[PDB]
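Trainee: This is the structure I have questions about; it appears just below.
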Amino acid sequence: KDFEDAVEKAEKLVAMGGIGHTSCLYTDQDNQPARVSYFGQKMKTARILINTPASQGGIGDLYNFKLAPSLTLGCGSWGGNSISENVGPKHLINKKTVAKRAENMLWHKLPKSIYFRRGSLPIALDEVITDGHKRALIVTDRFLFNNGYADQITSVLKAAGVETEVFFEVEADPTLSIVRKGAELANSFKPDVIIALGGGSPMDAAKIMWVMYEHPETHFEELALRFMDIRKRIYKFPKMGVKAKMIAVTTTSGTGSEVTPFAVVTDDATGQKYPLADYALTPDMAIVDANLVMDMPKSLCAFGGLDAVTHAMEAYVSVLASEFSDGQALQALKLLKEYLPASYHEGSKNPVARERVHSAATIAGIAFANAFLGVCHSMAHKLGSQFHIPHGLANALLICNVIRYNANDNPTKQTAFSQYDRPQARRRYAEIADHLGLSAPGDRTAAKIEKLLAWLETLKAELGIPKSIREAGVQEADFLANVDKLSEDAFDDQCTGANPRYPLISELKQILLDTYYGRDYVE
Amino acid sequence: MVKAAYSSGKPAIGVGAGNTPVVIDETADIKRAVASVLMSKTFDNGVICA
Amino acid sequence: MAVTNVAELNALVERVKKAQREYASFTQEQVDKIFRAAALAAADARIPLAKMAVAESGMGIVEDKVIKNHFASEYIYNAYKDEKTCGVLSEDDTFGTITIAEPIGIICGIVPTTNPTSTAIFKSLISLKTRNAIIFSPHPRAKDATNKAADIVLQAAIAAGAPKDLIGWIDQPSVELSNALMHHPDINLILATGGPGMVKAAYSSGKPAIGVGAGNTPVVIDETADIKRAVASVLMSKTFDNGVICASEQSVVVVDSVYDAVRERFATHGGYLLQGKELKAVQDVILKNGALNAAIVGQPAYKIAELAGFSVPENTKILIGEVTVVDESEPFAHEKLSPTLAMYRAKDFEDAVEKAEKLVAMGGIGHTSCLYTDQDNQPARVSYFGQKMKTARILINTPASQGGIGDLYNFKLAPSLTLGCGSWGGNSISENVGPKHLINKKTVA
Amino acid sequence: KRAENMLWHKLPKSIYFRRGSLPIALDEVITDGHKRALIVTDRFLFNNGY
Amino acid sequence: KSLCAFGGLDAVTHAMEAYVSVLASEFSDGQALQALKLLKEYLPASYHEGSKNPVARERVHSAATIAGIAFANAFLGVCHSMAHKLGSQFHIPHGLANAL
Ligand SMILES: NC(=O)c1ccc[n+]([C@@H]2O[C@H](COP(=O)([O-])OP(=O)(O)OC[C@H]3O[C@@H](n4cnc5c(N)ncnc54)[C@H](O)[C@@H]3O)[C@@H](O)[C@H]2O)c1
Ligand SMILES: NC(=O)c1ccc[n+]([C@@H]2O[C@H](COP(=O)([O-])OP(=O)(O)OC[C@H]3O[C@@H](n4cnc5c(N)ncnc54)[C@H](O)[C@@H]3O)[C@@H](O)[C@H]2O)c1
Ligand SMILES: NC(=O)c1ccc[n+]([C@@H]2O[C@H](COP(=O)([O-])OP(=O)(O)OC[C@H]3O[C@@H](n4cnc5c(N)ncnc54)[C@H](O)[C@@H]3O)[C@@H](O)[C@H]2O)c1
Ligand SMILES: [Zn+2]
Ligand SMILES: [Zn+2]
C-alpha cells in the first residue's frame with residue numbers, strides 16, 4: 001500500500017532464503033535521493049542494486065562499472081560468510097608487512113615570552129596594557145597580599161585604566177575546594193588576563209581555575225587520569241586562551257611553574273596530589289624578576305634551591321631528554337653550584353647571588369617542561385601530601401637514594417622507549433660530575449657518582465636539611481602504617497613513566513624505608 | 001554446503017544462496033522495470049545467483 | 001545473572017540478542033560517546049585489574065600488567081578515535097556507489113590465560129565501536145580476572161547510553177559450556193585467541209571465525225648490527241611479563257663474526273649462560289609429555305632453575321642455552337612462554353636466515369620474526385629477509401614484545417593484542433585485528 | 001640609580017623535532033581548522049619531490 | 001658535501017657570536033654551548049660519511065636549530081655584519097663568507 005510498506009515486505013523476503021545476498025529497487029535515482037538511502041539503510045544485504053537487472057547487475061562491471069566482477073557473490077555474516085563482498089584476487093594474498101624502527105616525536109614547548117632581569121616587573125606589565133586587555137584577575141597568596149607584593153601589580157595596572165580584582169585565598173597546597181571558589185569569582189567578574197602572582201601553589205591554583213573559567217563543564221576526574229604518552233591520551237584538553245590570557249609572575253626561586261605545563265592540585269576528598277600535565281596549561285608570558293625574591297626567608301631559600309637541583313637532575317637522565325634540554329639542564333646545575341651556598345648565607349646582602357638562583361630555577365624549568373621528572377618527584381608528591389612535608393624538603397631527602405637507585409648497569413625492568421638505547425643513566429650521572437668540575441682528571445665512571453653524591457651531601461648539610469624523614473618530624477608508628485599505601489600511590493603518579501628504570505612496588509618501598517632510617521640504598 | 005565448508009578446521013571462503021526482493025514504487029519507470037525483470041530472470045532460465 | 005550450565009546460557013544469549021538489535025541502530029555520534037567513556041574507565045582501573053590477574057593465575061609481574069592494561073585502553077582508543085564504522089562510509093557521485101557499514105552481531109570471545117585481562121579490555125572496546133555485542137568465555141585458570149575486566153567496561157557504557165545488557169560472560173567455564181556457545185545458532189563470529197589446539201576447534205564449528213595462533217620469534221643478529229642495542233632489547237622484551245606475550249623472542253641466531261661479543265654482552269648483564277649439566281637439567285623440565293608444561297609458564301628465571309635442580313642468583317633474568325640442532329627433538333626450539341632463550345650460531349647472514357626459516361616451522365608458521373641490522377646502510381639485507389621469512393610481520397631493530405603489538409616503535413602497525421598469522425598458521429586475517437574486520441560492508445550500486 | 005635593560009627568551013610556540021616527524025607534525029595543522037595553505041619552496045625542492 | 005660544509009660552519013659562528021654578545025644572558029648560554037658541543041663531535045663525521053652515518057647527520061641538523069635558540073635572543077656580532085655585505089657584493093654564499 002506504500003513505499004515504506006514495500007520495504008517492510010522486502011525485509012521479510014530476505015529472511016527465508018538468503019539473509020544478506022542481494023535486493024533490488026526500481027525508482028528514479030536522481031529525483032528521489034531520500035528513498036535510495038532509506039532502502040539502503042533498511043535492507044540487510046551485501047549489494048543494493050538500483051534500476052538494474054539483478055542477474056547482470058549482481059555480477060560486477062555491468063551497469064555500474066564499480067562493483068568488482070565475480071561469479072561468487074558473498075553474503076557476509078548474515079548468511080554465515082566472512083567476506084560481504086565480491087571475491088577477487090585481493091582475498092587470497094596474505095599481506096606481510098616489514099616494520100622498521102622509528103622514534104617518538106619530541107618537542108620543545110615554552111611560553112611565548114619569558115621576560116627576566118632585576119627590575120622588569122612594570123616594563124613587562126606595559127606589554128599587557130598595549131594588547132587591549134581591560135579586565136584582569138590577580139591570583140595571589142594570603143601573605144603576598146598583606147605585604148604589598150600584590151600592590152606592585154595593581155598600581156601599574158589601574159594607572160593605565162583597567163579593572164583589577166585580587167583573589168588572595170590560596171593555601172600552601174592548592175586543594176580543589178579553593179579552586180572552584182576562584183573559578184566562581186572568575187565568571188562573575190569575566191576577566192581577560194589572569195595574573196598568577198606567587199611562587200608555587202598560587203600559580204597551580206590559577207592554571208586550573210583558568211580551565212574551569214574557559215570550559216566550566218570539565219571534570220577533575222578526567223584531568224587527573226594517568227596517560228601512557230601525551231598526544232595519545234584519552235581526554236584531550238580543550239583549546240584555551242579564547243577569552244583569557246595567562247601571565248605568570250614568580251616570587252619563589254625554587255619552582256619553575258611559570259614555564260612548565262604542570263599544576264599539582266589536591267583532590268580534597270581523598271587527600272591525593274595529582275600532577276596535571278598537558279601543554280595547554282603553559283602560560284602566555286612568564287615574568288621572572290628578582291626584586292620579589294630579595295626578602296625571602298632562609299627556610300624558603302634552602303627548600304627552593306635544593307628543589308631546583310632535583311629539577312635539573314631528573315630532566316637530564318630522563319628518557320625524554322633530548323639535545324634541546326640537555327644544555328638547559330646543565331646550565332641550571334652550574335649556577336646552582338656556585339651561588340646557592342652564597343645566596344643562603346649572604347642572603348639579601350649579596351643581590352647578585354640571589355638573582356642567579358632565581359634565574360637558575362627557571363632554566364631548570366625549561367628542562368623538565370619538555371623532559372619530565374623521574375621517580376623522585378613521584379614519591380615526593382605522596383610523601384608531601386600525607387605528612388604535610390613542604391615540597392622542596394621532600395624531594396631533597398629523597399634525591400640521594402634515587403641517584404643510587406637509577407645508576408645501575410643492569411637494572412631490573414628498564415623502561416620502554418624508542419629513543420632510549422640501553423640503560424645508560426650511570427653515564428649521564430657521570431656527565432654531570434665533570435661538567436660541575438667535581439671530578440679529578442683521572443677517574444672511572446663508578447667513582448664520579450661518589451663525588452656527585454658527596455657534593456649534595458655537604459650541600460644539604462650547610463642548608464639546614466635533616467638527614468632523615470624521622471628527623472623531619474614523622475612518627476614511626478604513622479610512617480610504617482602507610483609505607484605500603486604510599487609505595488603503590490607513587491607507582492602511578494605520572495612521573496614514573498619518565499624514569500630510566502620502571503620501578504617495582506617492592507623497590508619503591510625500599511627507598512622510603514631507607515630514607516626514613518637514614519641509610520643508603522644498596523641493591 | 002556452507003555449514004559443511006566451515007565445519008572442517010581450515011579458513012574457508014564460502015558463499016550462500018539468496019532471494020532477490022524487488023521494490024517497484026510509484027515513481028519508477030514501468031517500461032524499464034518490467035523489461036529488465038524479463039531479461040534477467042530468463043537469463044539462463046534463472047540458474048544465476050541473485 | 002550467573003551462568004553455570006546450558007539451561008541459563010541460552011537465557012544469556014537471548015538477553016544479549018534483544019539488547020544488541022537496539023544498539024545496532026545507533027548513530028556515529030552517540031557511539032563515540034560510548035566508546036570514549038568505556039575506554040576512559042578502563043584505563044582508570046589499570047591498577048586493580050593488574051593485581052587481580054596475578055592473584056588469580058600467578059604467572060606474571062604485577063607491574064607489567066599495568067602498562068598492558070594501559071596499552072589496551074588508550075592506544076586502542078587513539079588509533080580508532082575517529083574512524084567511520086556506523087553510517088555511510090564513502091560515496092561516489094560520478095560512479096554512483098554508496099558504501100554503508102553494519103554490525104555483525106553476537107561475537108564469541110575466547111580469551112587466553114597469558115593475557116587474561118588485557119584482551120578483555122581490547123575485545124570489548126572494538127566490539128561496541130562497531131555497534132555489536134560480545135560473549136566472553138574465559139580460561140578456567142583465570143576466570144575471575146576476565147569477568148571483572150569486562151564488567152568495568154560494561155558498567156561504564158551503560159552510564160554513557162548503552163543498552164542494559166550488552167556484554168555477557170560465562171561466569172564458570174567448562175569444556176562443554178564453551179562448546180555449546182560456539183555451536184549456538186544466533187551468534188555470528190568467533191574471536192578466538194589461543195594455542196594450535198584451539199584454532200582447530202574454532203574453525204570446526206560451522207561459523208565464520210577469526211582465530212589467531214601461537215608462534216616462535218627467531219632473531220637474526222648479523223655482523224653489522226648494534227650489539228649494545230640488540231642485547232638490551234632482547235632482555236627488555238623477553239622479561240616483559242616473564243615472556244607470556246605472544247611474539248616474544250624464543251630463540252636468537254647470531255652470526256659467527258660477533259657470536260663471542262654477544263655472549264659477553266649477555267653474560268655481564270642479567271643473562272645466565274647454561275653450561276654442561278645445567279643445560280640438560282632444564283631441557284627435561286620444559287617438555288613434560290611432548291608439550292609445554294604449565295608449571296614454568298610465566299614464572300621468574302630463578303624459579304625455573306629451582307624447578308630444574310640448581311640455583312641461579314636471584315636477580316638473573318634470562319636463562320640462555322646454547323644449542324645446535326633445529327628439530328623437534330630439541331626442547332629449546334619450541335615456544336616456552338617463559339624467560340628462557342636459545343642461542344644458535346651461523347657462519348653467514350644468508351645461513352642465519354636459513355636457520356630462521358626452520359625455526360618458524362615448529363611453533364607458529366606465520367606469526368613473527370625479527371632482525372637486527374643497520375636499516376639505512378643495508379637496504380639489500382632488509383629486503384632479502386622480508387622475501388625469505390614467511391611470517392605476518394617483519395620487525396627490524398625492534399623488541400618483539402613491544403613491537404609485535406602496534407603503535408610502539410613503528411607508529412604504522414595497527415595496535416592490537418590478537419596478532420594474526422594468516423593461512424600459514426591456519427588463520428584468515430594475516431594482520432592485526434581491528435574494528436575494520438567486524439563491519440560487513442554493504443554497497444549501494 | 002643604575003638599572004638593567006629587560007631581556008627576554010622568545011621562541012616559536014612549538015618546535016617539533018625527530019628523525020621522521022614531518023607528517024605527525026602536519027596532522028596538528030589539520031586539526032586546527034586550517035583549510036587553505038600556501039607552500040613557499042625553492043625551485044630545486046619542487047623538482048625533487050620535497 | 002658543499003652545502004653540508006657551508007652550513008655546519010655557519011652554525012658554529014651562530015653559537016660563537018651569541019655567546020660573547022652583550023645581550024647574552026644565562027638563558028641563552030646553555031644553548032650556545034650545547035650547539036658547539038654537538039658541532040665539534042659530529043660535523044667532521046657528517047661531512048666525510050654523509051648518509052652512511054645518519055646518526056651524525058641528525059645531530060648536526062639539531063645543533064643548527066639549538067644555535068638558532070641562542071642568537072634569536074642574543075643577536076650576532078660584527079662577523080655577520082661584514083658577511084652580509086661580502087656575500088651580496090661578490091655573490092659568495094652565506095656560510096662561506098662568515099667562515100673565512
Ligand atoms: N608547577 C609545577 O610544575 C610545580 C613543580 C613543583 C611543585 N609544584 C607545586 O608547588 C608547591 C611548591 O611551591 P613553593 O613552595 O615554591 O611556593 P609556596 O606557594 O609553597 O610558598 C611557600 C610559602 O611562602 C610564602 N612566600 C611565597 N613567596 C614568597 C616571597 N617571595 N617572600 C616571602 N614569602 C613568600 C607563601 O605565603 C607560601 O605560603 C608544591 O606544593 C607543589 O605541589 C608545582
Ligand atoms: N552467490 C553465489 O556465489 C552463488 C552462485 C551460484 C549458486 N549459488 C547457490 O548454489 C545453488 C545452486 O545449486 P548447487 O547445486 O550449486 O548448490 P549445492 O549446495 O547443491 O552445491 C552442490 C556442490 O556443492 C558441493 N556440496 C554440496 N553439499 C555438500 C556437503 N554436504 N559437503 C561437501 N560438499 C558439498 C558438491 O561438491 C556439489 O558439487 C543455489 O541455490 C544458490 O543459492 C550461489
Ligand atoms: N595470536 C596471538 O596474538 C596470541 C596472543 C596470546 C597468546 N597466543 C597463544 O595462546 C597461548 C596462550 O596460552 P593458552 O593457555 O591461552 O593457550 P590455549 O590453547 O590453552 O588457549 C586457552 C583458551 O582456549 C580455549 N580452548 C582451549 N582448548 C579448546 C577446545 N578444545 N575447544 C574450545 N576452546 C578451547 C579455552 O576457552 C581457553 O580460554 C600461547 O601458547 C600463544 O601461542 C596467541
Ligand atoms: Zn619539585
Ligand atoms: Zn649565518
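The way I read the labels, and the way they are meant: chains A, B, ... in the order of the C-alpha cells, residue 1 as the first residue of every chain, and ligand 1 as the first ligand shown, with later ones counted on from there.
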Once you count only C-alpha atoms and all ligand atoms, which residues end up within 8 Å of ligand 3, and could you hand them over as an MDAnalysis selection string?

Mentor: chainID C and resid 110:115 137:140 173:175 178:179 192:202 211:215 244:247 335 337 364 367 417:421

Trainee: Produce a table with one row for each residue of stretch 21-90 of chain E that has an atom at most 8 Å from any atom of stretch 326-339 of chain A, each row naming the nearest atom pair and its distance in Å at one decimal; use only C-alpha atoms; arrange rows by chain and rising residue number; format as CSV.

Mentor:
```
residue,atom,partner,partner_atom,distance
E:26,CA,A:331,CA,7.9
E:27,CA,A:328,CA,7.7
E:29,CA,A:331,CA,7.7
E:30,CA,A:327,CA,4.7
E:31,CA,A:327,CA,5.5
E:33,CA,A:327,CA,7.2
E:34,CA,A:327,CA,5.2
```

Trainee: So which bits of chain E end up helix (DSSP H, G or I) when you DSSP the backbone, as JSON, numbers by chain?

Mentor: {"E": [2, 3, 4, 5, 6, 7, 8, 9, 10, 11, 12, 13, 14, 15, 16, 17, 18, 19, 20, 30, 31, 32, 33, 34, 35, 36, 37, 38, 39, 40, 41, 43, 44, 45, 46, 47, 48, 54, 55, 56, 57, 58, 59, 60, 61, 62, 63, 64, 65, 66, 67, 68, 69, 70, 78, 79, 80, 81, 82, 83, 84, 85, 86, 87, 88, 89]}

Trainee: Excluding residue B:40 and residues on its chain fewer than 6 positions from it, collect all residues at most 8 Å away from it, counting only C-alpha atoms, and give them as an MDAnalysis selection string.

Mentor: (chainID A and resid 53:56) or (chainID B and resid 46)

Trainee: Write out, as a PDB file, in the first residue's frame, the residues just selected, with N, CA and C atoms.

Mentor:
```pdb
ATOM      1  N   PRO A  53      18.952  -4.818 -13.706  1.00  0.00           N
ATOM      2  CA  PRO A  53      18.617  -6.247 -13.742  1.00  0.00           C
ATOM      3  C   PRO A  53      19.582  -7.027 -12.863  1.00  0.00           C
ATOM      4  N   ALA A  54      19.023  -7.847 -11.973  1.00  0.00           N
ATOM      5  CA  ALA A  54      19.808  -8.414 -10.884  1.00  0.00           C
ATOM      6  C   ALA A  54      20.753  -9.519 -11.339  1.00  0.00           C
ATOM      7  N   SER A  55      20.480 -10.166 -12.472  1.00  0.00           N
ATOM      8  CA  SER A  55      21.394 -11.195 -12.958  1.00  0.00           C
ATOM      9  C   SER A  55      22.649 -10.572 -13.554  1.00  0.00           C
ATOM     10  N   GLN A  56      22.480  -9.579 -14.425  1.00  0.00           N
ATOM     11  CA  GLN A  56      23.621  -8.858 -14.969  1.00  0.00           C
ATOM     12  C   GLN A  56      24.181  -7.822 -14.005  1.00  0.00           C
TER      13      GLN A  56
ATOM     14  N   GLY B  46      17.157 -18.500 -15.187  1.00  0.00           N
ATOM     15  CA  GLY B  46      17.202 -18.170 -13.777  1.00  0.00           C
ATOM     16  C   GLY B  46      18.087 -19.039 -12.915  1.00  0.00           C
TER      17      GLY B  46
END
```

Trainee: Please identify all residues of chain A having at least one atom at most 6 Å from any atom of chain C, considering only C-alpha atoms, and return them as a PyMOL selection string.

Mentor: chain A and resi 46-49+76-77+81-82+84+94+96-102+232+410+418+421-422

Trainee: Hey, which residues sit close to ligand 5? Say within 7 Å, counting only C-alpha atoms and all ligand atoms, and write them as a PDB file with N, CA, C and O atoms, in the first residue's frame.

Mentor:
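Result file selection03.pdb:
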```pdb
ATOM      1  N   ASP E  10      78.648  27.564   9.327  1.00  0.00           N
ATOM      2  CA  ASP E  10      77.862  28.760   9.606  1.00  0.00           C
ATOM      3  C   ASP E  10      77.213  28.677  10.980  1.00  0.00           C
ATOM      4  O   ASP E  10      77.129  29.680  11.698  1.00  0.00           O
ATOM      5  N   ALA E  11      76.758  27.484  11.369  1.00  0.00           N
ATOM      6  CA  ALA E  11      76.142  27.293  12.673  1.00  0.00           C
ATOM      7  C   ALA E  11      77.153  27.296  13.811  1.00  0.00           C
ATOM      8  O   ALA E  11      76.750  27.443  14.970  1.00  0.00           O
ATOM      9  N   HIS E  14      77.219  30.937  14.494  1.00  0.00           N
ATOM     10  CA  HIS E  14      75.979  31.378  15.122  1.00  0.00           C
ATOM     11  C   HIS E  14      76.043  31.233  16.637  1.00  0.00           C
ATOM     12  O   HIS E  14      75.623  32.132  17.371  1.00  0.00           O
ATOM     13  N   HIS E  80      78.848  38.731  11.180  1.00  0.00           N
ATOM     14  CA  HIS E  80      77.721  38.644  10.263  1.00  0.00           C
ATOM     15  C   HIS E  80      77.378  39.983   9.628  1.00  0.00           C
ATOM     16  O   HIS E  80      76.683  40.008   8.607  1.00  0.00           O
ATOM     17  N   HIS E  94      76.254  32.537   1.703  1.00  0.00           N
ATOM     18  CA  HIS E  94      76.266  32.693   3.151  1.00  0.00           C
ATOM     19  C   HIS E  94      76.574  31.359   3.817  1.00  0.00           C
ATOM     20  O   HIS E  94      75.922  30.348   3.540  1.00  0.00           O
ATOM     21  N   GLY E  95      77.567  31.362   4.695  1.00  0.00           N
ATOM     22  CA  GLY E  95      78.100  30.129   5.228  1.00  0.00           C
ATOM     23  C   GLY E  95      79.551  29.981   4.829  1.00  0.00           C
ATOM     24  O   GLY E  95      80.374  29.480   5.598  1.00  0.00           O
ATOM     25  N   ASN E  98      81.095  34.037   6.259  1.00  0.00           N
ATOM     26  CA  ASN E  98      81.416  34.160   7.676  1.00  0.00           C
ATOM     27  C   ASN E  98      82.335  33.053   8.178  1.00  0.00           C
ATOM     28  O   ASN E  98      82.818  33.142   9.311  1.00  0.00           O
TER      29      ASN E  98
END
```

Trainee: How close does each residue of chain A get to ligand 4, giving the shortest atom pair and distance in Å to one decimal for every residue with an atom at most 7 Å away, counting only C-alpha atoms and all ligand atoms, sorted by chain and residue number, as CSV?

Mentor:
```
residue,atom,partner,partner_atom_place_in_ligand_line,distance
A:255,CA,ligand 4,1 (Zn),6.4
A:307,CA,ligand 4,1 (Zn),5.2
A:308,CA,ligand 4,1 (Zn),6.7
A:311,CA,ligand 4,1 (Zn),6.1
A:377,CA,ligand 4,1 (Zn),6.5
A:391,CA,ligand 4,1 (Zn),6.4
A:392,CA,ligand 4,1 (Zn),6.0
A:395,CA,ligand 4,1 (Zn),7.0
```

Trainee: Mind writing the picked residues with N, CA, C and O atoms as a compact mmCIF listing (two decimals), in the first residue's frame?

Mentor:
```txt
# COMPACT_ATOMS: atom_id res chain seq x y z
N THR A 255 60.69 26.89 42.14
CA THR A 255 59.76 26.19 41.27
C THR A 255 59.62 26.95 39.96
O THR A 255 59.25 28.13 39.96
N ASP A 307 65.26 22.15 45.64
CA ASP A 307 64.24 21.56 44.78
C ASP A 307 64.60 21.75 43.31
O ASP A 307 64.37 20.86 42.49
N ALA A 308 65.18 22.90 42.97
CA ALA A 308 65.58 23.17 41.59
C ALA A 308 66.83 22.40 41.18
O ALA A 308 67.10 22.30 39.98
N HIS A 311 65.21 19.29 39.99
CA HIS A 311 64.50 19.51 38.73
C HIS A 311 65.43 19.32 37.54
O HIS A 311 65.05 18.70 36.55
N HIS A 377 60.16 12.65 42.18
CA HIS A 377 59.00 13.51 42.37
C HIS A 377 57.70 12.73 42.47
O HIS A 377 56.70 13.27 42.94
N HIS A 391 56.92 20.80 49.79
CA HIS A 391 57.61 20.41 48.57
C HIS A 391 58.90 21.20 48.43
O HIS A 391 58.90 22.43 48.49
N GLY A 392 60.00 20.49 48.22
CA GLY A 392 61.31 21.10 48.29
C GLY A 392 62.11 20.48 49.41
O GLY A 392 63.32 20.29 49.30
N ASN A 395 61.60 16.08 48.31
CA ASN A 395 62.49 15.55 47.28
C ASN A 395 63.96 15.85 47.55
O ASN A 395 64.82 15.30 46.85
```

Trainee: Could I get the residues of chain D with an atom no further than 12 Å from an atom of chain E, each paired with its nearest atom pair and that distance in Å to one decimal, using only C-alpha atoms, sorted by chain and residue number, as JSON lines?

Mentor:
```
{"residue": "D:4", "atom": "CA", "partner": "E:23", "partner_atom": "CA", "distance": 11.1}
{"residue": "D:5", "atom": "CA", "partner": "E:23", "partner_atom": "CA", "distance": 9.3}
{"residue": "D:6", "atom": "CA", "partner": "E:23", "partner_atom": "CA", "distance": 9.9}
{"residue": "D:7", "atom": "CA", "partner": "E:23", "partner_atom": "CA", "distance": 7.5}
{"residue": "D:8", "atom": "CA", "partner": "E:73", "partner_atom": "CA", "distance": 6.7}
{"residue": "D:9", "atom": "CA", "partner": "E:73", "partner_atom": "CA", "distance": 5.8}
{"residue": "D:10", "atom": "CA", "partner": "E:73", "partner_atom": "CA", "distance": 6.7}
{"residue": "D:11", "atom": "CA", "partner": "E:69", "partner_atom": "CA", "distance": 7.3}
{"residue": "D:12", "atom": "CA", "partner": "E:69", "partner_atom": "CA", "distance": 9.8}
{"residue": "D:15", "atom": "CA", "partner": "E:65", "partner_atom": "CA", "distance": 9.5}
{"residue": "D:16", "atom": "CA", "partner": "E:62", "partner_atom": "CA", "distance": 10.8}
{"residue": "D:17", "atom": "CA", "partner": "E:62", "partner_atom": "CA", "distance": 8.0}
{"residue": "D:18", "atom": "CA", "partner": "E:58", "partner_atom": "CA", "distance": 8.4}
{"residue": "D:19", "atom": "CA", "partner": "E:58", "partner_atom": "CA", "distance": 7.1}
{"residue": "D:20", "atom": "CA", "partner": "E:58", "partner_atom": "CA", "distance": 10.5}
```

Trainee: Output as a tab-separated table one row per residue of chain A within 12 Å of ligand 2: the closest atom pair and its distance in Å to one decimal place, counting only C-alpha atoms and all ligand atoms, sorted by chain and residue number ascending.

Mentor:
```
residue	atom	partner	partner_atom_place_in_ligand_line	distance
A:16	CA	ligand 2	43 (O)	11.9
A:17	CA	ligand 2	43 (O)	8.2
A:18	CA	ligand 2	43 (O)	7.4
A:19	CA	ligand 2	43 (O)	11.0
A:20	CA	ligand 2	1 (N)	10.1
A:21	CA	ligand 2	1 (N)	6.9
A:22	CA	ligand 2	1 (N)	8.9
A:45	CA	ligand 2	1 (N)	11.8
A:46	CA	ligand 2	1 (N)	10.5
A:47	CA	ligand 2	1 (N)	11.3
A:54	CA	ligand 2	1 (N)	11.9
A:55	CA	ligand 2	5 (C)	10.7
A:58	CA	ligand 2	1 (N)	8.9
A:59	CA	ligand 2	1 (N)	9.3
A:69	CA	ligand 2	3 (O)	11.9
A:70	CA	ligand 2	3 (O)	8.5
A:71	CA	ligand 2	3 (O)	6.0
A:72	CA	ligand 2	3 (O)	3.3
A:73	CA	ligand 2	3 (O)	4.0
A:74	CA	ligand 2	1 (N)	5.9
A:75	CA	ligand 2	1 (N)	7.4
A:76	CA	ligand 2	1 (N)	10.9
A:79	CA	ligand 2	1 (N)	10.6
A:81	CA	ligand 2	3 (O)	10.8
A:83	CA	ligand 2	3 (O)	11.3
A:84	CA	ligand 2	1 (N)	10.7
A:85	CA	ligand 2	1 (N)	10.3
A:86	CA	ligand 2	3 (O)	8.5
A:87	CA	ligand 2	3 (O)	9.0
```

Trainee: Residues of chain C were defined as contacting chain E if any atom lay at most 12 Å from it, counting only C-alpha atoms; please report them as a JSON list (two decimals) with N, CA and C atoms, in the first residue's frame.

Mentor:
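Contents of result_4.json, as written:
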```
[["chain", "number", "residue", "atom", "x", "y", "z"],
["C", 374, "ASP", "N", 71.65, -2.45, 10.74],
["C", 374, "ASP", "CA", 71.51, -1.03, 10.43],
["C", 374, "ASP", "C", 70.62, -0.90, 9.20],
["C", 375, "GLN", "N", 69.42, -0.35, 9.39],
["C", 375, "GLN", "CA", 68.39, -0.35, 8.35],
["C", 375, "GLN", "C", 68.60, 0.71, 7.29],
["C", 376, "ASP", "N", 69.62, 1.56, 7.43],
["C", 376, "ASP", "CA", 69.91, 2.59, 6.44],
["C", 376, "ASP", "C", 71.05, 2.20, 5.50],
["C", 377, "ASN", "N", 72.14, 1.66, 6.05],
["C", 377, "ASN", "CA", 73.29, 1.30, 5.24],
["C", 377, "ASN", "C", 73.11, -0.04, 4.53],
["C", 378, "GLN", "N", 72.18, -0.88, 4.98],
["C", 378, "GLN", "CA", 71.94, -2.20, 4.39],
["C", 378, "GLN", "C", 70.49, -2.31, 3.94],
["C", 379, "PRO", "N", 70.15, -1.77, 2.76],
["C", 379, "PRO", "CA", 68.79, -1.96, 2.24],
["C", 379, "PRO", "C", 68.60, -3.25, 1.47]]
```

Trainee: Using only C-alpha atoms and all ligand atoms, which residues have at least one atom no more than 7 Å from ligand 1? Output them as an MDAnalysis selection string.

Mentor: chainID A and resid 141:144 171:173 198:204 251:252 254:258 260:265 292:293 295:297 300 304 381 390:392
